[PDB]
Amino acid sequence: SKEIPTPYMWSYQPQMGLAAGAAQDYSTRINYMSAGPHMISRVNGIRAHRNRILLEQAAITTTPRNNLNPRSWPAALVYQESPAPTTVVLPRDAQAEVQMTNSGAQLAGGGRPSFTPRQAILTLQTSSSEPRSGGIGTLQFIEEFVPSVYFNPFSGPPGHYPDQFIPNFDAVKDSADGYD
Amino acid sequence: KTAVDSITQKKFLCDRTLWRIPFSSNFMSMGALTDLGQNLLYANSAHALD
Amino acid sequence: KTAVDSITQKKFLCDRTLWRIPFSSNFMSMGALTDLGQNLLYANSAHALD
């Protein structure tokens with residue numbers, strides 16, 4: 001329980017884009033209250049081999065950060081859409097059609113004109129004006145927030161205890177939220 | 001000078017409108033997304049309402 | 001229940017106003033010196049109005 005704990009699995013909130021709070025993986029537990037030492041020892045080696053994978057998965061995939069579940073992810077640490085620039089082939093020459101029309105020709109329908117060899121091409125930035133920060137998506141909640149294997153739980157001075165497992169806890173208030 | 005003994009009936013009429021009760025911590029409109037809609041009690045958990 | 005067979009007459013009255021037709025290419029007021037009033041400086045052509 002302290003040596004081989006149950007991992008705290010994180011609850012996502014798709015609206016705020018943050019983790020709600022982590023509770024232990026109670027719903028994937030395996031029942032060896034009817035097993036003996038030939039099989040309790042084999043299941044406890046699977047509880048511990050899983051916890052080695054989750055520490056290995058967090059060392060590969062989770063972003064190194066001080067506060068677990070921060071409230072505003074920076075724009076450099078959030079996956080952002082960076083598309084290719086949009087290449088716009090402009091259909092009509094503007095000042096070559098105000099000279100045909102002033103000369104008396106009625107243009108209708110629609111190089112693309114037979115009376116103009118000129119062709120304008122415009123290249124526009126597709127991405128946003130400012131990079132987005134504040135909340136991670138679903139796919140970055142999968143990469144980060146690997147379930148926390150919390151060895152020897154709640155034994156270190158308080159304040160070092162993980163309060164960001166709790167779904168009521170504001171980090172910048174250091175208090176649990178209420179109904180008002 | 002021959003007035004009768006009377007009692008006062010007070011009431012109001014408020015047509016065309018909705019009795020709004022905002023879900024804000026001070027009942028004020030400080031934004032469309034109120035401070036109790038961003039409250040981590042009401043954001044990270046499911047609560048009954050009666 | 002004894003209503004007669006009827007026809008509907010529709011009209012309008014619009015007093016106090018001038019029927020403004022703007023000399024713009026989209027009938028909008030994008031400025032006092034309109035884009036068709038600048039097109040005719042660029043064309044340098046005289047036209048007769050009928």
# chains A, B, ... in the order shown; residues from 1 in each chain; ligands from 1
call {"tool": "closest_atom_pairs", "arguments": {"of": "chain B", "to": "chain A", "cutoff": "7 Å", "atoms": "only C-alpha atoms", "output": "CSV"}}
result
residue,atom,partner,partner_atom,distance
B:25,CA,A:180,CA,5.7
B:36,CA,A:180,CA,6.9
B:40,CA,A:168,CA,5.4
B:41,CA,A:168,CA,5.2
B:44,CA,A:20,CA,4.8
call {"tool": "calpha_fit_rmsd", "arguments": {"fixed": "chain C", "moving": "chain B"}}
result
1.7 Å
call {"tool": "select_by_dssp", "arguments": {"residues": "chain C", "states": "helix (DSSP H, G or I)", "output": "number ranges by chain"}}
result
C: 35-43
call {"tool": "residues_around", "arguments": {"residues": "residue B:23", "least_positions_apart": "4", "cutoff": "8 Å", "atoms": "only C-alpha atoms", "output": "mmCIF file with C-alpha atoms, in the first residue's frame"}}
result
data_model
loop_
_atom_site.group_PDB
_atom_site.id
_atom_site.type_symbol
_atom_site.label_atom_id
_atom_site.label_comp_id
_atom_site.auth_asym_id
_atom_site.auth_seq_id
_atom_site.Cartn_x
_atom_site.Cartn_y
_atom_site.Cartn_z
ATOM 1 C CA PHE B 27 -24.592 38.716 -7.665
ATOM 2 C CA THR B 34 -18.981 34.074 -13.860
ATOM 3 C CA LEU B 36 -18.738 30.517 -9.723
ATOM 4 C CA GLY B 37 -18.854 28.904 -13.155
#
call {"tool": "atom_distance", "arguments": {"atom1": "atom CA of residue A:58", "atom2": "atom CA of residue A:144"}}
result
7.4 Å
call {"tool": "residues_around", "arguments": {"residues": "residue C:42", "least_positions_apart": "6", "cutoff": "10 Å", "atoms": "only C-alpha atoms", "output": "NGL selection string"}}
result
(:A and (98-99 or 102)) or (:C and (36))
call {"tool": "atom_distance", "arguments": {"atom1": "atom CA of residue A:124", "atom2": "atom CA of residue A:91"}}
result
15.7 Å
call {"tool": "atom_distance", "arguments": {"atom1": "atom CA of residue A:22", "atom2": "atom CA of residue A:7"}}
result
9.0 Å
call {"tool": "closest_residue", "arguments": {"among": "A:48, A:154, A:123, A:139", "to": "residue A:84", "atoms": "only C-alpha atoms"}}
result
A:123
